[PDB]
Amino acid sequence: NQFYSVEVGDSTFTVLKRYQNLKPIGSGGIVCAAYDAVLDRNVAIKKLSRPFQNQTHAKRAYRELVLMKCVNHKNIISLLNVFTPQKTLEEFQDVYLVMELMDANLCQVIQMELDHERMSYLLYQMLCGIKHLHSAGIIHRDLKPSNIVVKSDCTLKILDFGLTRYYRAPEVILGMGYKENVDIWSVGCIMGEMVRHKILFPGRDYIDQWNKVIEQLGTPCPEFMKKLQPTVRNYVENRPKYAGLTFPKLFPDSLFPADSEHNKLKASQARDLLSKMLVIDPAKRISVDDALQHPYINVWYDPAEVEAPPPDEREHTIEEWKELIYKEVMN
Ligand SMILES: CN(C)CCCC(=O)Nc1cc(C(=O)O)cc(-c2n[nH]c3cc(Nc4ccccc4Cl)ccc23)c1
């Protein structure tokens, strides 16, 4: 047999024999660290249990499997291998996805005191990854630190393809319609969180989250309000009003290292970029291309990374999703 089974965490992993020394990593999906004896390197193995168990799980698993094949960029997940230990469609239960083993997820990195060298390079790569997605017509809308992983040399990869809701843009929260700079918002939320070491807009639901947005950034302009459908517009127009805080007060000097002129200047640059990404109205929020030209970011700008080439959506029953997924897994 090509497979063996082992108990990692609370789950059973049935994997190709090439993958050895399985060890659990992180929290959440169900993922393992392993040594791959064929490639002679360390990999991560994700177990999707019964991805066809409901139409929501199924649509996501299918969509992501299909896009992981599509895409080609060093800041986006690229699969090394995909397999099921089950031999037939009737027996089909689980899918295993294999990729590079990194060193940490971005939530761990955010907890570090980071210099501007590291923070700017992390943000640079997020923007390269996001630009690549958009170039293939993929607008993420749910970018968040827990789905981003990092190596020790600060190399980063985004692991999912989008649509914890703290990183979602106003247009997502309010059902507005969006363009590509919807994902800037989330990058802006991550950046702010790297500075504050606190989640910027930690709402338990969308009402609470909107409240924390307006409390800090201020009530948006009328121009913004009339882009909202009338009933959501009613809600938003009738919230308690807020003038909002300036970005120096949102992100005080105390948050930034002040030990050199380099760092003083980089602090002012970081706050400038933040003030252009955390903008409620997407008509006035910075784009991905403009952000890549910002002085905080442009020091890293490599056209081979920024301008790399990119290579329907119905509903189905779970029976139908199982077959669709089984097919993709088998090719
Ligand atoms: C001995 N020490 C020093 C070594 C430390 C090494 C170490 O801990 N590394 C490490 C830590 C953490 C973490 O989160 O804390 C996460 C990872 C990680 N690397 N690649 C992944 C892919 C997925 N998802 C995934 C996997 C496969 C396919 C598809 C997907 Cl989406 C999920 C998590 C990871 C690695």
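The basis for the numbers below is simple: all heavy atoms, side chains too, and nothing from hydrogens, waters or symmetry mates. Whatever order the structure lists them in is the order used to number ligands and atoms, beginning at 1. Sequential numbering from 1 along the given sequence is applied to the chain's residues.
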Self-check item: Geometric class of the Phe256/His116 ring pair [parallel <30°, tilted 30-60°, perpendicular >60°]
Solution: parallel
Practice problem: Can you figure out which of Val82, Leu65, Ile77 has its heavy atom closest to atom 29 (C) of ligand 1? | Solution: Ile77
Quiz item: Could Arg41 and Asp36 be called an ion pair, given the rule that one side-chain N must be under 4.0 Å from one carboxylate O?
Solution: no
Practice problem: Go through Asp281 and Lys227 one step at a time and tell me if the salt bridge (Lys or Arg N to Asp or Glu O under 4.0 Å) criterion holds. | Solution: CA-CA 10 Å; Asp281 190 347; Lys227 299 190 261 215; 2.7 Å; yes
Quiz item: Which ligand 1 atoms are under 4.0 Å away from a heavy-atom of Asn105?
Solution: 13 (C), 14 (O), 15 (O)
Quiz item: Looking only at protein heavy atoms, which one is nearest to atom 8 (O) of ligand 1, and how far off is it?
Solution: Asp103 O, 3.9 Å
Quiz item: Hey, does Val8 have a side-chain heavy atom less than 4.5 Å from the side chain of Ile30?
Solution: no
Quiz item: Under a 4.0 Å heavy-atom limit, does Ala33 contact ligand 1 with its side chain, its backbone, both, or neither?
Solution: neither
Quiz item: Is it true that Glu313 and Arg63 have a side-chain N and a carboxylate O under 4.0 angstrom from each other?
Solution: yes
Quiz item: Can you tell me which residue and heavy atom of the protein come closest to atom 15 (O) of ligand 1, and the distance to 0.1 Å?
Solution: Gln108 NE2, 2.6 Å
Exercise. Evaluate salt bridge (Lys or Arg N to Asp or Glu O under 4.0 Å) for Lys59 paired with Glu315, printing each intermediate quantity in order.
Key: CA-CA 8 Å; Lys59 199 164 153 79; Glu315 318 298 56; 3.4 Å; yes
Quiz prompt | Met102, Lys157, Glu64: member with heavy atom nearest to atom 9 (N) of ligand 1 | solution = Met102
Quiz prompt | Approximate separation, where rounding is to 0.5 Å, of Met68 CE and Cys70 SG | solution = 12.0 Å
Quiz prompt | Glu100: numbered ligand 1 atoms lying under 4.0 Å from its heavy atoms | solution = 19 (N), 20 (N)
Quiz item: Considering only heavy atoms of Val31, which atoms of ligand 1 have at least one such atom less than 4.0 Å away?
Solution: 32 (C)
Quiz item: How close does the nearest protein non-hydrogen atom get to atom 30 (C) of ligand 1, and which residue and atom is it?
Solution: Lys46 CD, 3.7 Å
Quiz item: Considering only protein heavy atoms, which is closest to atom 23 (C) of ligand 1, and at what distance to one decimal place?
Solution: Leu159 CD1, 3.7 Å
Quiz item: Do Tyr178 and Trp185 have ring centres separated by under 6.0 Å?
Solution: no
Practice problem: Indicate whether atom 32 (C) of ligand 1 is within a distance of less than 4.0 angstrom of some protein heavy atom. | Solution: yes
Quiz item: What protein heavy atom sits nearest atom 21 (C) of ligand 1, and how far off is it?
Solution: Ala44 CB, 3.5 Å
